[PDB]
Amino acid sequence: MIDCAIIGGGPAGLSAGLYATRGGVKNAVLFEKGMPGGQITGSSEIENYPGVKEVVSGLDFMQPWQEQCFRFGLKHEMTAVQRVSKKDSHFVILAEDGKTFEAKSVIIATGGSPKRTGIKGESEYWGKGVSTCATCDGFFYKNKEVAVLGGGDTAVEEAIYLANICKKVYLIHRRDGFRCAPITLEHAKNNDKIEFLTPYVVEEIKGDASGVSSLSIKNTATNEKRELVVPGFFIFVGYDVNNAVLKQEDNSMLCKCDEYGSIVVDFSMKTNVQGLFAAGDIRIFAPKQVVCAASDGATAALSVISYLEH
């Protein structure tokens, strides 16, 4: 049977595969729904991966990871994992196609995905100024005006953050009431560089050949229209954790998760289940950066190696 089944082929899974195989795990299999690379492949530019000086698309950035991470014997399974279950002292991995695989250890590296809106222009201008990552794209908007969409803790927190780099932030939300904490809302209300626009919806994300130039926004109450001229639009309308593979037949979870469905791990990337590790955006307190996911993968693989020895 498989020594280590790595579920998900983004940076976490790829790094775990590199480390596991280069560390002497002879039968490691990377399960991935499509082409690996993960979320970054949807980005037009990455420039903050330490040690990679060239600015290139997310797709181009991930291209060399394929040869490198497979250089030491990693195997691929191009399949959609439906479930991971514990059976005695091993794991049973059910694929969506009906196939079952057995593994001694498992690394869950399935990531997650920022939620999208379907606002007109969102796809066309995705990655030219429509962003779902202030850390990735905030720096370009230094001394400029930006808009943030959402009314949760993430929206309001990233609004406060962008308020420290940008000239002005327009915080757009469809209700007068906010889901975020009162304390953080208070901070945002006291920040003079944040203009609250509520209750508003964004009807169109407008741009050039190049990209985002303005937002066509509407006051849902008065129907008054306004064009917000901003080259940066940050969307924070929630985040989907890809934890579906943890759900058992009886609806229980394979391992402990937090209230949001993120996998609880320790500093060794161990879950509360022997032989089961997690890595990347799927785990608690993930910073949501490629280098952080890659580090998790390496850590989880190192733990797998020790586990398989013992």
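Throughout, we count residues from 1 along the sequence that is shown.
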_Stretch with the higher entry mean CA B-factor, where the candidates are 86-94 and 104-112_ = 86-94
*Mean C-alpha B-factor higher for 39-47, or for 263-271?*
39-47
*Consider only the C-alpha atoms of the modelled residues in this chain, order them by B-factor as the entry records it, and name the third containing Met1: lowest, middle or highest.*
highest
_Split into thirds by Cα B-factor across the chain's modelled residues, where does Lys33 land: lowest, middle or highest?_
highest
*What third of its chain's C-alpha B-factors does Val156 belong to: lowest, middle or highest?*
middle
*Sorting the chain's CA B-factors, does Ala163 end up in the lowest, middle or highest third?*
highest
*In terms of the chain's CA B-factor thirds, is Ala134 lowest, middle or highest?*
highest
